[PDB]
Amino acid sequence: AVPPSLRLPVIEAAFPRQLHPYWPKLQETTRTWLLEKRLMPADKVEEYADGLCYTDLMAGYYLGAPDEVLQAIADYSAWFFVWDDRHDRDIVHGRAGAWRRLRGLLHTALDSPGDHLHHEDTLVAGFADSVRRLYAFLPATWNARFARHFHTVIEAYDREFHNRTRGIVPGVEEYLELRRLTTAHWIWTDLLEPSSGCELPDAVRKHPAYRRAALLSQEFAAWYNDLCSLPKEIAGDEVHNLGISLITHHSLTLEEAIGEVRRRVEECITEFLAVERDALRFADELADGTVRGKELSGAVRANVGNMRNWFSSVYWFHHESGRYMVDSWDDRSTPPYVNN
Ligand SMILES: CC[N+](CC)(CC)Cc1ccccc1
Ligand SMILES: [Mg+2]
Ligand SMILES: [Mg+2]
Ligand SMILES: [Mg+2]
């Protein structure tokens, strides 16, 4: 039963959940990978990993992905959650040097992941393993685009480190721009392509309806995370959340801010529904009778279908995952699954 303040009847009625058939194997394989890569302690893996639902989140999103693609994506996504936790802990403990060094190593590993498979920092080694595997599916031009996007993501995390150390809450537009990077909008969008087996040409993926559908799917993910993760984040002195920007700068109350975030989330859904029609029309137009046209049409259609699936996967993940269950923790500021 979703809390009333978080419930979205449109998602529940009109965005039916999907689950990839590889999910049962995926859950165990990513748990084993977190253990083998030492990304979490063994006892915390055993107690918490399945309950975190990270594999479920990806298996509800990249429908149709080959199993090996989904495995690499799921391992990368679990890594990404552990990195968010590492970042948080470095901020809380004032580890500016450790963060700066990790930031530099991730930029280097992202360009040369094979070189870093056995790095002393298991967080760097786990990143490099997942990225090397993601770089094995499509041409180097796709890999270069993934890297360009993730270099930008690393720098947004650096900006968050400085905001939280200086106590700066970004303004609303500043925040919204930053949040397209800390959510990694363009990484998840890039990953649609190995999932459907096709690197899309710039003229296809930059088509206005493809771009706007992709944007709105990720804005939903970001802002619905903000709505659901607000309690854990207030408890943990996190400053990055649309609700916090609204409270801090527009003098809204917590109740007013939650309402405004919810309204922005709801409008994202119905803006998506409008553009989804145009993006599927474009998929139709690509099927011009040629072999290449059929390939591009089917890839666009699968990708736009997964942009839709992200809404239901994100919605349910926030109510199933132990990541956000702050009421269940003895110390609300220290989630039991992080390394403190
Ligand atoms: C792994 C995803 N992420 C940011 C990229 C890491 C903390 C948080 C997130 C979870 C769910 C929806 C949106 C963002
Ligand atoms: Mg976080
Ligand atoms: Mg974060
Ligand atoms: Mg959050």
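Following Swiss-Prot, chain A residues are numbered 16-355, in order.
Including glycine, each Cβ sits where the backbone N, Cα and C put it.
Around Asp99 (Mg(2+) 2 binding site), no same-chain residue at least 6 positions away in sequence has a Cβ under 8 Å from its Cβ. Per Swiss-Prot, the feature Mg(2+) 2 binding site maps to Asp99, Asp103.
The feature Mg(2+) 1 binding site is assigned by Swiss-Prot to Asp99, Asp103.
Cβ-based neighbour count (10 Å, all protein chains) for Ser244 (Mg(2+) 3 binding site) stands at 19. According to DSSP, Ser244 (Mg(2+) 3 binding site) is assigned to a helical segment. Positions annotated as Mg(2+) 3 binding site by Swiss-Prot: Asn240, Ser244, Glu248.
Packing against the motif 'DDXXD motif' (99-103) from elsewhere in the chain are residues 114, 117, 138, 172, 175-176, 251, 253, 350, 352-354: each is 6 or more residues past its ends and has a CB under 8 Å from a CB in it. Here Swiss-Prot flags 99-103 as motif 'DDXXD motif'.
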Determine the binding-site residues, out of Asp99, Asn240, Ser244, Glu248, lying near ligand 2 in the sense that the CB is under 6 Å from one of its atoms, and give them in sequence order.
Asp99
What is the interatomic distance between the Cα atoms of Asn240 (Mg(2+) 3 binding site) and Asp103 (Mg(2+) 2 binding site), given in whole Å?
16
Cβ neighbour count within 10 Å of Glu248 (Mg(2+) 3 binding site):
20
Could you state the CA-to-CA distance between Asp103 (Mg(2+) 2 binding site) and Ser244 (Mg(2+) 3 binding site) to the nearest Å?
14
Centre the Cβ atoms of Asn240, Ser244, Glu248, go out 8 Å, and tell me which other residues of that chain have a Cβ in range of the Mg(2+) 3 site.
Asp241, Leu242, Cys243, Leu245, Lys247, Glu253, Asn256, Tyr339
Can you check what DSSP calls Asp99 (Mg(2+) 2 binding site), collapsed to helix, strand or coil?
helix
